[PDB]
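Take a look at this one chain, the form deposited in one PDB entry, written out in structure tokens.
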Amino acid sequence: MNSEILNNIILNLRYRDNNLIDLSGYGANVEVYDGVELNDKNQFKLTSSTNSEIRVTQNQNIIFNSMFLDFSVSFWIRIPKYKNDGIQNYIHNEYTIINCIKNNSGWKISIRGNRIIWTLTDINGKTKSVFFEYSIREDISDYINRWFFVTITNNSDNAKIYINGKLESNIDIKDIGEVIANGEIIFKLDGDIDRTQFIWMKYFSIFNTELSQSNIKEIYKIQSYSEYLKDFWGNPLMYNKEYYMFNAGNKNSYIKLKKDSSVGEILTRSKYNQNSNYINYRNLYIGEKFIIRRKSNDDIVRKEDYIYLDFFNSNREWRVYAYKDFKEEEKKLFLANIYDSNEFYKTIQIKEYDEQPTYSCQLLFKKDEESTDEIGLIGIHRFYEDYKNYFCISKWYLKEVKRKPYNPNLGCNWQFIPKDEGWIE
């Protein structure tokens, strides 16, 4: 990790012993109230409950306001989807999530529907705001209810917002005077919110430098790294959990067992079809309900694990298999009940070929016996009937995944979508 990053951390809020602590080395006081849900993946949840609050008292014995002339804030956030019957309140109602104010001066992070807002107030009461807005009209959003990485950088001249390491917003703040930035930091939802409103956050940090684009991309990569695969939302991928399947190479496509058949046909997602012309999305809770089974201390799926890919068909667990008789470059997968056959492969190795941050994984068929032989990767392909798109195994992907840079648009890139309280359709 670049010393430009490490040498300049003045607040580093991290999970420790069923608590959040400052690990910067400056010793800020952190009070987590009983309404904050914490987990050992460093995620914390702010709710509408009066006791859902974190109070951080910066160490004013060591931390001087002059340190915040150039400064940056980074965190990950997961902001739930609008309620389809609540779109007006979503669009209009601004709520604070993090507030650092002394005598009406300081900095604030707030949300209004689909925008995240950075506000600076100087000691004269002169305010300037910069914001990031993500679309609520995309077929498939990178942002709605999914973990993403925010970095805000400030110097005398500019306030910038980066999202997943890329610049999204930039305002001139030359006219903004002295900002008191060393006060108490309050993590708490504050505004005209529904009872059901919540925000997830992770890895909240403050740096007493203006982080470079280079520095921000490095933090994004380091904080993205895991030994475990992730789901579509960015949470750890789990065994024994029901998941819809998403194809990162054909985002509007889903798998359905073809009626009375043993193959998965690829169909096009339905779309939001109610009144509001403010919103558009493709349905996520569609197609077969899959479940990942261990082939042989936690239920987390790790890179290189051996798995069965199963799904529920008419009240019974079925399995995804690949025919051993496989002369062509691609072949439809065989969907059937759970049984052993010398005629098919059942064992999948779950892979991450991508070097760059991603929630996609890849699914490699192997022989039952612990062998280095690679059969093929699960993907999509058009087969002669006109041509029709099917759930397939492909030898073609074996060479494509070895190409640099890794192509995230390959049809062998899958994500697993569990039902989530932050996504109601």
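All residue numbers are counted from 1 along the displayed sequence.
Per the record, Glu385 and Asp386 are separated by a gap of 4 to 9 residues from the deposited sequence that were not modelled. Missing coordinates between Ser314 and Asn315 amount to none of the deposited residues, so the segment is unbroken.
Per the PDB record, of the two stretches 395-403 and 365-373, 365-373 carries the greater mean B-factor over its C-alpha atoms. The stretch with the higher mean CA B factor, choosing between 376-384 and 64-72, is 64-72. The residue among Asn89, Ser205, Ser141, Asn154 whose C-alpha atom has the highest B-factor in the PDB entry is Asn89. The PDB entry assigns the greatest CA B-factor among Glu352, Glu133, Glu288, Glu184 to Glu184. Ranked within its chain, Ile176 lands in the highest third, by CA B factor from the PDB record. In the PDB entry, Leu189 places in the middle third of its chain by CA B-factor. In the PDB entry, a CA B factor belonging to the highest third of its chain's modelled residues is recorded for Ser49. Split the chain's modelled residues into thirds by C-alpha temperature factor. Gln415 is in the lowest one. The entry lists a Cα temperature factor for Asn59 that places it in the highest third of the chain's modelled residues.
Although it is not shown, the form deposited with a partner chain bound is what the next lines describe.
Judged by heavy atoms within 4.5 Å of its partner chain in the entry with it bound, the contact stretch among the candidates 96-104, 115-123, 315-323, 193-201 is 315-323. In terms of contact with its partner chain in the entry with it bound, the residue from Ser261, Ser214, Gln88, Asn275 that brings a heavy atom within 4.5 Å is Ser261. This chain appears without its partner; in the entry with it bound, the one residue of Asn240, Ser156, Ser270, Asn337 with a heavy atom within 4.5 Å of its partner chain is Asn337. Although the partner is absent from this view, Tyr359 stays clear of its partner chain in the entry with it bound, with no non-hydrogen atom inside 4.5 angstroms. Contact check for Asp299: every heavy atom lies farther than 4.5 Å from its partner chain in the entry with it bound. Taking the partner from elsewhere, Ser341 is found to have a heavy atom lying within 4.5 Å of its partner chain in the entry with it bound.
Its partner chain in the entry with it bound comes within 4.5 Å of a heavy atom belonging to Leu333.
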